[PDB]
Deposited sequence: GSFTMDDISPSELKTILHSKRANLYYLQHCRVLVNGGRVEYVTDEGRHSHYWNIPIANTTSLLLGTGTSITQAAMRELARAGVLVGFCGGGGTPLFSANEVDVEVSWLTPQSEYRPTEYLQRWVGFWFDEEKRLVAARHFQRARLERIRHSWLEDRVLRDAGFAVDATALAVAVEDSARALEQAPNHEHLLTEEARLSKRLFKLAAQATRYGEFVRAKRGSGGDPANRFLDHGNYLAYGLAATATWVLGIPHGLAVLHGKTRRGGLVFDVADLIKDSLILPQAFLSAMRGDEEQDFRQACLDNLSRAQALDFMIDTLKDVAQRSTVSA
């Protein structure tokens, strides 16, 4: 059962299990049993973005007709992640992004706002919205709000990027501990990526991977290159994708990791639970909006 009628923001559609082709100058979508039931109703304007996921194919004639119409096209894994390969976006956000990015102070302004955005999404999904709680995420509501409020303040006071990052890490650590307790996980230590074998560290690694796919889709639709991070160091590959994934990491991935663990989920149960959370909470939209908002303010 659906529970949300989604006010769509970014004009991005996901397709799966169909063949995209052209009949008489018209882009159509075909399955083994004739015309696809939904896809004919995706609007083919220069504001559209198309992601072709599981069991899709496309012909050259369709590609022509989509590119002619200003439709950006990409290929993604199941559920829109990872983002495999995509059309380059014509160079708008890039100009603005570059406009502030070389001013280290404006970069910190961007980084501070990302953290505020991230703090709010934690507050929202762990407390205000009930779904996680309903599914057994029994977090100490009181200790959570303290954590957010302390960190928020501690973040506001960091004088520079190095300090912001330190505080940013401390908050994540605090959340792991609360999440573990919430779910009676017992001892938890975050293992640096790939190196932990326990279910939670695993689900966290896999979850972050699904989120990087959504973040990459956000930077791609906006024409913003991965190498212009606001929080991660300037030499980190994929740096901005990670900044962008960090927006919903602790609010959506973190709690489902400990839940799947608590519940004895296998890898695919976790992946699917995760995608459903990202979907319901409109994560991709938020990543996009955060990016626009930051660019808009910069100058």
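- Going by the record, the unmodelled stretches of the deposited sequence, in order, are 1-12, 104-117, 326-328.
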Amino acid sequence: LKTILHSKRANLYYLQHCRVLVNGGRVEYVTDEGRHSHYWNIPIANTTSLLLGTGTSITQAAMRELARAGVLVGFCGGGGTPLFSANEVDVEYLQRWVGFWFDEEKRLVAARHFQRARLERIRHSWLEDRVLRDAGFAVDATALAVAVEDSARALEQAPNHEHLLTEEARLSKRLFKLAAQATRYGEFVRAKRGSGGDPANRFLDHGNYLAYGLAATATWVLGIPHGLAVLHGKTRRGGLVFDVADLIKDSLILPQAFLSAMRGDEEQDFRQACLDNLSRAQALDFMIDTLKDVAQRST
From here on, numbers count along this sequence of modelled residues.
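- The PDB entry records a higher mean C-alpha B factor for 266-274 than for its counterpart among 55-63 and 266-274.
- Per the PDB record, of the two stretches 4-12 and 289-297, 4-12 carries the greater mean B-factor over its C-alpha atoms.
- Of the candidates 69, 252, 230, 30, the one whose C-alpha carries the top B factor in the deposited record is 30.
- Residues shown: 83, 117, 141, 204. Highest C-alpha temperature factor in the entry: 141.
- In the deposited entry, the Cα temperature factor of residue 137 places it in the highest third of its chain's modelled residues.
- When the CA B factors of the chain's modelled residues are split into thirds, the value for residue 257 lands in the middle one.
- When the CA B factors of the chain's modelled residues are split into thirds, the value for residue 110 lands in the lowest one.
- Split the chain's modelled residues into thirds by C-alpha temperature factor. Residue 163 is in the highest one.
- Among all modelled residues in its chain, residue 175 ranks in the middle third by Cα B-factor.
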